[PDB]
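Overview (structure and organization)
One-letter residues, chain by chain:
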Amino acid sequence: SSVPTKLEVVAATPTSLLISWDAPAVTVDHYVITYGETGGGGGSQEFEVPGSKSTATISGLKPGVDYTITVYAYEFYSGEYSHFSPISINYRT
């Protein structure tokens, strides 16, 4: 019951990940892409992607680390920012 519906890593590189997802069938202002070492270690970092795009590329990662990417789809409906149920994946760089 999530938005985006599917989140995958398409391209990988020793220091970077390329991620694609599925255009929700409903209106979306922007996405926030969130990524950090799975296991709390080293604070999470994030960056923002226009609602029209369904592709991002994550940079400056450490090789051979378990990262946990999470994507929030924000709306801006009658006056308010609110995100749908987010989606996460784990990926070993």
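Structure report, in brief. (Residues numbered from 1 in each chain as written, not as in the entry; some residues may be left out. Heavy atoms only, no water.)

Examining the overall build of the protein
Let me state the cut-off plainly: Elements are defined by DSSP. Helices are runs of H or I of four residues or more, strands are runs of E of two residues or more, and each kind is numbered from the N terminus. Between the two quantities, the radius of gyration covers C-alpha atoms and the globule rule is 2.2 Å times the number of residues to the power 0.38. Each residue's exposure class comes from its accessible area (1.4 Å probe, protein chains only) as a fraction of the maximum for that residue type: buried when under 20%, exposed when over 50%, partly exposed otherwise. Residue-level accessible areas treat just the shown protein chains as cover; the underlying method is Shrake-Rupley with a 1.4 Å probe.
Along its length, the protein carries zero helices and eight strands. When the helices and strands of the protein are read in sequence order from the N terminus, they spell out β-β-β-β-β-β-β-β. The C-alpha radius of gyration computed for the protein amounts to 13 Å, which stays within 12% of the reference 12 Å derived for 93 residues, consistent with globular compactness. When the backbone C-alpha atoms are referred to their principal axes, the protein occupies close to 45 × 25 × 20 Å. The buried share of the protein, taken over its 93 residues, is 33%. Counting only carbon and sulfur atoms, one obtains 50% of the accessible surface of the protein, whose full area is about 5400 Å².

Brief notes about the side chain of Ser16
Rule in force here: Here a residue-residue contact requires only that any non-hydrogen atoms of the pair lie within 4.5 Å.
Summarising the element assignment, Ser16 is placed in strand β2 (residues 16-21). Contact partners of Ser16, with chain neighbours within four places excluded, come to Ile58, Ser59 and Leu61.

Some thoughts on the nonpolar core
Inclusion rule: By convention a nonpolar core is built from buried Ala, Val, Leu, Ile, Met, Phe, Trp, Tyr and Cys residues, the set being connected through side-chain atoms within 4.5 Å.
With 21 residues, the main nonpolar core has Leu7, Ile19, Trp21, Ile33, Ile58 and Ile69 as its most contacted residues. Of the residues forming this core, the biggest block, four residues, is contributed by strand β6 (residues 66-77).

Observations concerning the pairing of strand β5 (residues 55-58)
To be explicit about the condition: Two strands make a pair as long as DSSP finds a minimum of two bridges between them.
The alternating pattern of β5 places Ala56 and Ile58 on a buried face, while none of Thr55 and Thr57, on the opposite face, is buried. Looking at chain direction, β2 and β5 are connected through four bridges and run antiparallel. Following the sheet pairing, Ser20 is matched in β5 by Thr55.

Notes on the sheet that holds β2
Stated precisely, the cut-off is as follows: What counts as an axis is a line fitted to C-alpha atoms, over the stretch in contact for a helix, and the angles between N-to-C directions run from 0 to 180 degrees.
A sheet is described by the order of its strands in space; here three strands give the open sequence β1-β2-β5, paired in antiparallel fashion. Each edge of the open sheet is held by one strand with a lone partner, namely β1 (7-13) and β5. Each adjacent strand pair in this sheet contributes to an overall mean axis angle of 20°, direction not counted.

Such coordinate-based values are descriptive only and should not be taken to indicate function.
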